[PDB]
Every structure is written in structure tokens, then in C-alpha cells.
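Summary of the model geometry
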Amino acid sequence: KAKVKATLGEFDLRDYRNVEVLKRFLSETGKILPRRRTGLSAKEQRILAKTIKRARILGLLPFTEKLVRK
Amino acid sequence: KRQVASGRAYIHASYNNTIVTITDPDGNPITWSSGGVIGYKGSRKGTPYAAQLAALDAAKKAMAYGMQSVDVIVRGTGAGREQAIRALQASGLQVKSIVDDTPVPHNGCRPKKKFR
Amino acid sequence: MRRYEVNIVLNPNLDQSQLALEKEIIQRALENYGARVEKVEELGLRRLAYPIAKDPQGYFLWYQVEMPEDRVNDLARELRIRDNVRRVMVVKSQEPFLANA
Amino acid sequence: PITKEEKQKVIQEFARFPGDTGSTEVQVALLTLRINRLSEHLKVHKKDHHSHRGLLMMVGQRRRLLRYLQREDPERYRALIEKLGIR
RNA sequence: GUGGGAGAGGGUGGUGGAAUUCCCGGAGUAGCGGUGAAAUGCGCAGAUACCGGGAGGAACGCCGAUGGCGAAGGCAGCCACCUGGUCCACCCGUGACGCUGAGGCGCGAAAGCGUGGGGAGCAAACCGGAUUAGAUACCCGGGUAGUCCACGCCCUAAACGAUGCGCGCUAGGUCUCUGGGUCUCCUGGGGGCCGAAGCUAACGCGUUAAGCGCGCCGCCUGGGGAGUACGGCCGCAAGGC
Ligand SMILES: [Mg+2]
Ligand SMILES: [Mg+2]
Ligand SMILES: [Mg+2]
Ligand SMILES: [Mg+2]
Ligand SMILES: [Mg+2]
Ligand SMILES: [Mg+2]
Ligand SMILES: [Mg+2]
Ligand SMILES: [Mg+2]
Ligand SMILES: [Mg+2]
Ligand SMILES: [Mg+2]
Ligand SMILES: [Mg+2]
Ligand SMILES: [Mg+2]
Ligand SMILES: [Mg+2]
Ligand SMILES: [Mg+2]
Ligand SMILES: [Mg+2]
Ligand SMILES: [Mg+2]
Ligand SMILES: [Mg+2]
Ligand SMILES: [Mg+2]
Ligand SMILES: [Mg+2]
Ligand SMILES: [Mg+2]
Ligand SMILES: [Mg+2]
Ligand SMILES: [Mg+2]
Ligand SMILES: [Mg+2]
Ligand SMILES: [Mg+2]
Ligand SMILES: [Mg+2]
Ligand SMILES: [Mg+2]
Ligand SMILES: [Mg+2]
Ligand SMILES: [Mg+2]
Ligand SMILES: [Mg+2]
Ligand SMILES: [Mg+2]
Ligand SMILES: [Mg+2]
Ligand SMILES: [Mg+2]
Ligand SMILES: [Mg+2]
Ligand SMILES: [Mg+2]
Ligand SMILES: [Mg+2]
């Protein structure tokens, strides 16, 4: 399986406004993805988290979702 | 005395019971059921069988209102949390979609002693 | 005077007399708190991920600024007191840390 | 807080000669500046304990560089002290 | 000094969503809850389940780690401001300015105390239901102090690495956080795991020493009696030294 950053451009980890990309590090549900699946370094992930949570308070990213099938 | 066509069907499962409410596409219920609604009383209510029959009884009771397409919402976990969706599938209701909506806090409330 | 970024998300449904009004009021705020305005991006109509003030959408603003520090908080208070402004997020500017460089 | 403008203005104020960054004088100047900042910050905020410890420390340093200075040249010490308003 | 950096380090103000409880409304019957089984309890004055709206308190899911910061206690949503500690590079400045530290002073989880707020969930005491030979307990249903905040006391702890601080010296290997570099790799600085020499009663410790040394502080001297008594000091008290 692909890790996110493996398929991706050279992109701001610090942009909370760009949803197109930030969406890719969310799960099927609103959950921020483990490093296992984001292929991100330690620092990187740590920044990514904070930029997500920002974006979330801005209504751009989902705080939580609902799971389909089941 | 509604004739509701398509509709939502929620399944709330616990370790103590299952209940199913069936409802209209804007959210108001139509009929419901539960392990205690049909025969069972004690612990017996949270068996998966009881979950089945609750599912069914509510779904036939929905036939009476004229239900056909149903969208499923599921909340909780218990035995026959699944068995209810199994019955509900082959019930004679065409299942639109299943969903798991189980509510979880972002960690706000102290739990009871049984829960930590 | 430091460099910040003001995000404003306000009620979508506005018409023109209205929208130009709240925008000029935001302006009168920034002038009044000593905020030089380096750039603006008006994104506008956008689909929110979750309903905000009963409404599925929002209208989007972004302002780069240089303003004195001890004001930024009060400036944000006054920016919020407006009814139609549903979120204000002010953020200290940062440089762009990249990835997959 | 303390920016390079302010910082420098003080170091060029207390240097023993042009170019000196680390003279005893300049260290006690800069110290004493930071000290004053912080004790103003705890004029409010009496509940900030960790900063307070920091200040006990800062103070400790200042006092040591003075103790030294006075041992070495008493005169330049009296200078430093009146100039800074201390002890 | 300069120039970079990482961080739940502290303080102050704002603010976001999830969830619980409650209240208003809709639709909707006969149960819900709960347990090994049950019963108290709640429900026809309409509950549970479902939808929409409001109010209020507390705590911050995923990220999250075997991670980070802090002198310790301890510290996790986001934002801003106020502030502490620390690390690397540059080799620029002072020129031994150092280490430790009896007393003192300050910090010090939780519970607890005082005065005034607050009160959702939880919950000592308490009230009930069970279980049992009995149940004063566990298990179930309620519930007050408390938990929360402001200010002032209290000063304990398995306050644990059960390992005082500082410095120098003594194979490596492996995982890792964070700097710098000519970036299979080197080189600082933290976190772990194996293991040289050595140590150790053993277990184990082993460049994060329990090894080889030096400095300084604390402490120990069979068990019970006993952290008791008397005395002093602190404390509103509880009680502490
Ligand atoms: Mg039951
Ligand atoms: Mg508003
Ligand atoms: Mg912090
Ligand atoms: Mg803080
Ligand atoms: Mg009602
Ligand atoms: Mg009754
Ligand atoms: Mg009754
Ligand atoms: Mg209330
Ligand atoms: Mg975790
Ligand atoms: Mg800092
Ligand atoms: Mg030199
Ligand atoms: Mg010389
Ligand atoms: Mg002492
Ligand atoms: Mg205490
Ligand atoms: Mg307490
Ligand atoms: Mg009290
Ligand atoms: Mg309770
Ligand atoms: Mg009894
Ligand atoms: Mg109880
Ligand atoms: Mg020793
Ligand atoms: Mg590197
Ligand atoms: Mg440490
Ligand atoms: Mg190391
Ligand atoms: Mg190692
Ligand atoms: Mg050996
Ligand atoms: Mg070992
Ligand atoms: Mg050593
Ligand atoms: Mg030993
Ligand atoms: Mg003793
Ligand atoms: Mg004896
Ligand atoms: Mg005692
Ligand atoms: Mg005596
Ligand atoms: Mg006494
Ligand atoms: Mg007395
Ligand atoms: Mg006692």
C-alpha cells in the first residue's frame, strides 16, 4: 500500500488553507493518519498534525466522519 | 396511515439489549422494537437471536407502513449488533447502505468505575 | 510590529451592500489597531466540512499583515464582536517548511 | 522581549573598548537588563513559578560577576554599580 | 557575543469540536436499565430509541511513540500575547570569574482546611437492591463533601531510576529524538536496548556506571517497642518537622 507522501508534490506542511492536499492525510473517518500510512518523518508528522487541527477549526477539514459498509 | 416508501433504520446495540427504530428520511421514527418488546426479559434480551427478532418485528411493522428501501445506521456494540443487520438484510427490506455512527467523545466525561 | 495572517469566515448569504459593509468594517478595525496590510486573498464561497452556524457553507477571507503585538488580541476581540463574522483565526506568520522536497 | 536593537544599544553602552562583547561589565549590564524585564513580568503573574526560578538564577550570576569584579578592581566595580543602580 | 533550532517548560486572555446531563419542540409505543442471575430505579404526567433547537460544566479522541519539555512535583485541542531552561555552529569577547553547599529562603501530586464562586459526569460518607452462614465488602440503583475556578493555608508520598551534585578517565553494537557537516557516513546534544574491561552477595550495573578517580552535601549502625512518648517548633485544624 502507498504511503501518502510517496504520491505527492513538494508541498507546504505549514499550509492550513490548502485542503486538497491536507485531505490526503485524513482517514476514511476524520482521523489523522498514523505515520505508518503517511510515510512522514517525526518532525514532519508533528507539523502536519498542527496544520490539520488548524484547518479543522477553520471548517475546511472534518473534525470527524461516519464509516461506510460495516 | 403514512405510506413512507424509503426510510432510515437505526440499530442501537448494547451488552444489555438491542433496539431498532425505523424512521422517515427526515428523521422522525415510524415503528420500533427491542428484545423486551418481543418476548424476552432478563439477560436474554441481548442475545443475537433476540436481536434478530427485534430487527424483524420492527421491519414487518415497517411493511405495514409500506416501507421498501432502507438506509441503515448502527450505534454501539453488543452480541447481535451484527445479527440485527443480518436479519434486517434478508428481511424483505432492500438495504440501501449500512453505516457505523457509534458516538465517541473526544475525551470529555468521567466514566463510571466499571469503565476505567 | 510582527507579521500575521488573519482568517475570516463569515456568513455566505450576503448581498453586496452587506458584504462590502462588513469588509469595510474589518478594514476600519485593521486601520484602527495599526495593521499595515501586505496582501489579501478573498476565496469566498466554500463548502465547509461541518456546519457552522447552522450553515453548510462559508465565505472566506485571508489577510497578511504587520501589526504591533500587544494589540493583536484586542483587534481579534473587536473583529469577533461583529455578528456576521463566524470565525476569526489570527496566526503569527511562518516560513514555508516543505516536504517530499 | 529584548530585541537586537535594545540588546546592542546596551552592549555598546557598557563596552570597555569598541568590539568588546563579553567584559564583566557588559555581562552584568545585559544580565541586569534581563533581570529587570523578568521582575516586571512577575510584578504581574505571581503565579509563574518556573520563570521565577530562572530569575533566582540570573540574580545568582549577576551577584557572582560582581563579587569577582569587586575582588579584582574595586574602582571599576563602584563604576558599574552606580551606573546600573544596584546593591 | 553572533547566528540557527526542537519542545504537553510556566503565566494570562481568548476560542473549537466530540460526548454526558438537563430543558423546549417533533415524530413514536411499552418498556428501558441493569446483572452470573436478578431486584431496587425510571416509564401512561408518554420513558428508552430517533430528529431538530437551547443551556451549562468538565475534559481534550485521531496525531501519540517503546516520543518531547521541565530542577522536582509535574506538563497534551487551537490561537495570541508575557516569560524560563536548554542545544548546535561560528572561535569573536572577558580571563579562573570555578564545584559543592550546614542554616535560610522558594517550589512542592493527591487528599485535606478557610472565605467567596461553580456544579455537567464522577463520587468518600450516606440511602436503597442484591449476594452470602452473616455482607458493615465486593456487583446494581441513587447520592453529599469533594473533584472545577479565585485568593490564602496545609508540606506529606512507592515525591522511585527506591540510584545526591559536579568533573576527568575506561571496547563496541543496535533502535531513536534533535542540531551541524564535505549527508553509504561522520560529529555534538537527549532517550532506550544489548554487551569490553571492571564492579557486585547475587540479580544485575556497564561513556545515561552500580567501573577507575577527586571535591563537597545528606544519611546508616540488629528486630519489635515506634515514626510511639516527653520536649520544642510550625499549623485555623487535620496534623507536620
Ligand atoms: Mg439486559
Ligand atoms: Mg460572531
Ligand atoms: Mg506548553
Ligand atoms: Mg501554556
Ligand atoms: Mg420529549
Ligand atoms: Mg409509573
Ligand atoms: Mg412504577
Ligand atoms: Mg445548570
Ligand atoms: Mg495513544
Ligand atoms: Mg523560549
Ligand atoms: Mg579567542
Ligand atoms: Mg587578553
Ligand atoms: Mg538547604
Ligand atoms: Mg502541596
Ligand atoms: Mg488538592
Ligand atoms: Mg475548599
Ligand atoms: Mg454515578
Ligand atoms: Mg442486605
Ligand atoms: Mg455506588
Ligand atoms: Mg556517593
Ligand atoms: Mg542532517
Ligand atoms: Mg531530561
Ligand atoms: Mg548519545
Ligand atoms: Mg547508545
Ligand atoms: Mg566480565
Ligand atoms: Mg545492562
Ligand atoms: Mg560518572
Ligand atoms: Mg553497589
Ligand atoms: Mg532520620
Ligand atoms: Mg533495639
Ligand atoms: Mg506519620
Ligand atoms: Mg525528652
Ligand atoms: Mg508535640
Ligand atoms: Mg498551637
Ligand atoms: Mg497521619
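Residues numbered from 1 in each chain as written, not as in the entry; some residues may be left out. Chains lettered and ligands numbered in written order. Part of a larger assembly, values for the part shown. Heavy atoms only, no water.

For this deposited structure, the header cites X-ray crystallography as the method used and 3.600 Å as the resolution.

To keep it simple, the criterion reads: UniProt positions are given in the numbering used here, feature names are shortened, and annotations may be inferred rather than shown by experiment.
Looking at the PDB entry, one finds chain C named 30S ribosomal protein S6, with Thermus thermophilus as its source organism. According to the PDB record, the title of this entry is "Crystal structure of the apo 30S ribosomal subunit from Thermus thermophilus (HB8)". Per UniProt, the comment on chain C under Function is "Located on the outer edge of the platform on the body of the 30S subunit." Looking at chain C in UniProt, the text filed under Sequence similarities is "Belongs to the bacterial ribosomal protein bS6 family."

Chain B has the name 30S ribosomal protein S11 in the PDB entry, where Thermus thermophilus is given as its organism. Taken directly from UniProt, the Function text for chain B runs: "Located on the upper part of the platform of the 30S subunit, where it bridges several disparate RNA helices of the 16S rRNA. Forms part of the Shine-Dalgarno cleft in the 70S ribosome, where it interacts both with the Shine-Dalgarno helix and mRNA." Of chain B, the UniProt comment under Sequence similarities reads exactly: "Belongs to the universal ribosomal protein uS11 family."

1. Observations concerning the arrangement of the chains
Put simply, the rule reads: Contacts between residues were defined by any pair of non-hydrogen atoms, one from each residue, lying within 4.5 Å.
A comparison of contact numbers over the three pairs of chains in contact places chains A and C at the top. At no point do chain B and chain C touch; the closest pair of C-alpha atoms across them sits 16 Å apart. Contact between chain A and chain D is absent, and the minimum C-alpha spacing across the pair is 26 Å.

2. Observations concerning the packing of helix α2 (residues 24–41) of chain D against helix α3 (residues 49–72) of chain D
Residues and elements named next belong to chain D. We count it as follows: Where helices are involved, their axes are fitted lines through C-alpha atoms of the stretch in contact, as for all axes, and angles between N-to-C directions lie from 0 to 180°. The way it works is that DSSP assigns letters per residue, a run of H or I at least four long becomes a helix, a run of E at least two long becomes a strand, and they are numbered from the N terminus. Our angle categories are set so that under 35 degrees counts as roughly parallel, over 145 as roughly antiparallel, 65 to 115 as roughly perpendicular, and the remainder as oblique. Crossing handedness is read from the near helix: turned anticlockwise from the far helix by less than a right angle, it gives a left-handed crossing, and turned clockwise, a right-handed one. Any residue outside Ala, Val, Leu, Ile, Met, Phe, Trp, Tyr, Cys, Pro, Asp, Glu, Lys and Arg is labelled polar, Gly included; the first ten of those are nonpolar and the last four are charged.
The geometry of α2 relative to α3 is characterised by a closest axis approach of 9 Å and an angle of 155° between their N-to-C directions. Here α2 lies roughly antiparallel to α3, going by the angle between them. Relative to α3, α2 is oriented so that their crossing is left-handed. Here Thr 24, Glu 25, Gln 27, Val 28, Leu 31, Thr 32, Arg 34, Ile 35, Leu 38, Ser 39 and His 41 of α2 come into contact with α3, specifically with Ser 51, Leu 55, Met 58, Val 59, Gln 61, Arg 62, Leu 65, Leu 66, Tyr 68 and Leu 69. Classifying every residue of the contact of α2 with α3 by side-chain character gives eleven nonpolar, seven polar and three charged.

3. Comments concerning helix α3 (residues 42–57) of chain A
Applied cut-off: Residue count minus one, scaled by 1.5 Å, sets the expected span of a helix. Burial here depends on accessible area, computed with a 1.4 Å probe over protein chains only, as a share of the maximum for the residue type. Under 20% is buried, over 50% is exposed, and the range in between is partly exposed.
Relative to the 22 Å expected for 16 residues at 1.5 Å per residue, α3 of chain A spans 23 Å between its end C-alpha atoms, a close match to the ideal helical length. Three or more residues of α3 of chain A are buried, namely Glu 44, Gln 45, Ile 47, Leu 48, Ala 49, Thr 51, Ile 52, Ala 55 and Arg 56 of chain A. Where α3 of chain A is buried, its residues meet α1 (19–22) and α2 (35–38) of chain A together with β2 (36–52) of chain C. Backbone geometry just after α3 of chain A places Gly 59 of chain A at a positive phi near 75°.

4. Some thoughts on the pattern of salt bridges
Note the threshold: The salt bridge definition used is simple: a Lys or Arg side-chain nitrogen within 4 Å of an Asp or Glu carboxyl oxygen.
Inspection of the entire model under this criterion finds 22 salt bridges over all chains. A salt bridge links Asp 100 of chain B to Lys 70 of chain A; its shortest N-O distance comes to 3.8 Å. Taken together, the residues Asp 100 of chain B in strand β6 (residues 99–100) and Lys 70 of chain A in the segment after β1 (67–68) connect one chain to another. For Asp 100 of chain B, a relative accessible area of 14% translates into the label buried. Salt bridges linked by common partners bring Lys 70 of chain A together with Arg 81, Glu 82 and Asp 100 of chain B together as one network.

5. Focus on the protein's contact with RNA strand E
Condition: Any residue with a non-hydrogen atom lying within 4 Å of a molecule or strand is treated as near it. Here a polar contact is recorded for every N or O atom pair within 3.5 Å, except that within protein the pair must consist of a potential hydrogen donor and a potential acceptor, and residues adjacent in sequence are included only if both atoms are side-chain atoms.
Around RNA strand E, the structure places 89 residues, and the nearest of them are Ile 32 of chain A, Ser 34, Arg 75 and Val 104 of chain B together with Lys 54 of chain C. Taking the atoms of RNA strand E that fall within 4 Å of the protein, sugar and phosphate contribute 78% of them. In this structure, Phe 63 of chain A approaches RNA strand E through a main-chain N or O atom, which is 3.3 Å from a base nitrogen. With eleven residues, the top contributor of residues to the surface near RNA strand E is α3 of chain D.

6. Let's talk about a positive patch on the surface
The test is simple: Within this analysis, patches are made of residues with over 30% relative accessible area and no salt bridge. Like charges are joined at 9 Å or less; nonpolar side chains (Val, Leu, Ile, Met, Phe, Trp, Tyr) at 5 Å or less. Each accessible area value is a Shrake-Rupley result obtained with a 1.4 Å probe; residue values ignore everything except the protein chains displayed when judging cover. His is not counted, nor are the chain ends; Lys and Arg add positive charge and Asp and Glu add negative charge. Every charge is mapped to an atom, namely NZ of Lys, CZ of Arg, CG of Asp or CD of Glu.
Together, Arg 63, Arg 64, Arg 67 and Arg 87 of chain D line one region of the surface with positive charge. The topology assignment puts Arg 64 of chain D in helix α3.

7. Section: unusual backbone geometry
Although it is not a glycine, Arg 69 of chain A sits at a positive phi angle of roughly 65°. The topology assignment puts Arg 69 of chain A in the segment after β1. With a relative accessible area of 65%, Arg 69 of chain A lands in the exposed category. One non-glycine residue with positive phi stands out, namely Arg 87 of chain D, at about 50°. Take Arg 87 of chain D: it is sitting in the segment after α4 (74–84). Classification of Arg 87 of chain D as exposed rests on a relative accessible area of 61%.

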